[PDB]
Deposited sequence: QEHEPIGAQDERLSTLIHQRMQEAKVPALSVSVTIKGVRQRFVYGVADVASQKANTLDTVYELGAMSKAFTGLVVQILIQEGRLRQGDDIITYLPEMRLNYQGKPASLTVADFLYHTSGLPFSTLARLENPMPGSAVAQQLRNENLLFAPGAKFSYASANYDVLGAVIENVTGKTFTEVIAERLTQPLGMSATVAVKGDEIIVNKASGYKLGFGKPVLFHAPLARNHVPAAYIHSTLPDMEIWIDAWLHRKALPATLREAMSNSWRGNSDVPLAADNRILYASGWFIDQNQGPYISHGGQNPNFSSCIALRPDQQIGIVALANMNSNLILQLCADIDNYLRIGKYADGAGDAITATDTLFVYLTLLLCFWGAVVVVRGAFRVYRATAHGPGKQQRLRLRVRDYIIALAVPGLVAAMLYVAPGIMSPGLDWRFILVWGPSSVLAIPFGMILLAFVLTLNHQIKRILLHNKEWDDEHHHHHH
């Protein structure tokens, strides 16, 4: 019944400019009164506008969907959170101290399973004939199940496989029949792959200071953790369902109430006593404040609810940015006290900037060697031999490239260049190449500069 808040709009434009995301869509609910902020382009090359129809990957905001469906099957008596995972995924052996470990459904709901960080690299790589249980079989857990909170995205991929086993249905179908169809979220879907979705934003990723179109992987097994697709009107319906459950049938209502119950049975750090529930963080400080970010290789998003004040906040963007991950908290500060802190830092940006300077140094280092060599070749001389000369100068770059290829596997067991390339800036690949190229021209110069008679 009145214009939207211009200080709110200012904040969001500012964070959009700092984030450099091509598209940003935001919706703020405050006791029915909703405000919408829909800016930028969903596709840069074709100048396709960000509209309310624009579809986004939800990232880890997918987990609230998966977790709620788990709580629906629990509420219907088809599952127990105390059930052992082997009852539903019989081939998933997971070891602690060399011995098969008992993992419960609760362990995956609450990230108390022990799966190493590298299970993200396996689940996100498309593997067309491999079930989740095979991709994770014989993984070495970091700690005894239940012993601490340790976030791992693939925990919710295990839960998607449980859903399918319990129902005998595809994950796509269960989400539709249990969530999107009952709630009326007619533009939300769990995808089956990288099939073409009309209205989906193109996804972008920072490279040399600018957003670069990035075609990210979309592995069918990883959809329950990362790849539910939605729109801003559907996410407002999502928000409104969590805030207003009267109109909802009792099984969905009960499941929701059980979905916001955080796991208190883990050690808490001195500066963080926040609990994780069924795909949400639960914070009692200036709360209840229920929240979750969504970080994909080339999408990012955030959601936060303050149900006692009837507040819901969702942001969607087609680039991975920490400024979008934090924007919901910024907007909550704004609604709460009318102020907000400066833009947080961003790992992709800092890394991208570090790599611009590093490849520039390699050019200056390389051009110093080229200009120095042409000055030698022009001022002096110029008036099976070239074989052994071309052999010693070519092994060094090929040997520098050999060590470069294995270095990720060694310094961090479980990760590979494929994973690094998916998540890091577009500029990462110029670091190895400028290195082997420099190591090429350096070895050649010294091999030839020893031929001076």
- Deposited residues absent from the coordinates (by C-alpha): 1-5, 389-396, 467-480
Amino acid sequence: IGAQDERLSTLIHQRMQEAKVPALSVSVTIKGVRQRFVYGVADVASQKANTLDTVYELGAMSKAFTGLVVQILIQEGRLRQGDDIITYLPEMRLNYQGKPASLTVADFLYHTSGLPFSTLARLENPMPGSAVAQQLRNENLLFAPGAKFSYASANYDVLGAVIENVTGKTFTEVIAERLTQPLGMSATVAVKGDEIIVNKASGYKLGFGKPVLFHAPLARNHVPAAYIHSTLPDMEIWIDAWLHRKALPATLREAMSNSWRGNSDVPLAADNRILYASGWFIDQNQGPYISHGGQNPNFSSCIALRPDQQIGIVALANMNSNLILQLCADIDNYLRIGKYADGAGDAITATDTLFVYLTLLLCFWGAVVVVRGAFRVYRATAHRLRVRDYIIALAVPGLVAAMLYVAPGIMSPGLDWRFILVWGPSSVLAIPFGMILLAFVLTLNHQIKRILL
From here on, numbers count along this sequence of modelled residues.
- Task: Could you settle it for me: does 157-165 or 94-102 have the higher average Cα B factor in the PDB entry?
- Result: 94-102
- Note on the structure: The stretch whose C-alpha atoms carry the larger average B-factor in the entry, 168-176 or 351-359, is 351-359
- Note on the structure: Looking only at 370, 235, 72, 223, the Cα with the top B-factor belongs to 370
- Note on the structure: Among 11, 439, 19, 24, highest Cα B-factor in the entry goes to 439
- Message: When the deposited Cα B-factors of this chain's modelled residues are ordered and cut into thirds, is residue 87 in the lowest, the middle or the highest one?
- Response: middle
- Message: Quick check on the deposited entry: does the C-alpha B-factor of residue 63 sit in the lowest, middle or highest third of its chain?
- Response: lowest
- Message: Among the modelled residues of this chain, does the Cα B factor of residue 249 put it in the lowest, middle or highest third?
- Response: highest
- Report the third (lowest, middle or highest) to which the CA temperature factor of residue 389 belongs, ranking only the modelled residues of the same chain. highest
- Message: Taking only the Cα B-factors deposited for this chain, tell me whether residue 53 sits in the lowest, middle or highest third.
- Response: lowest
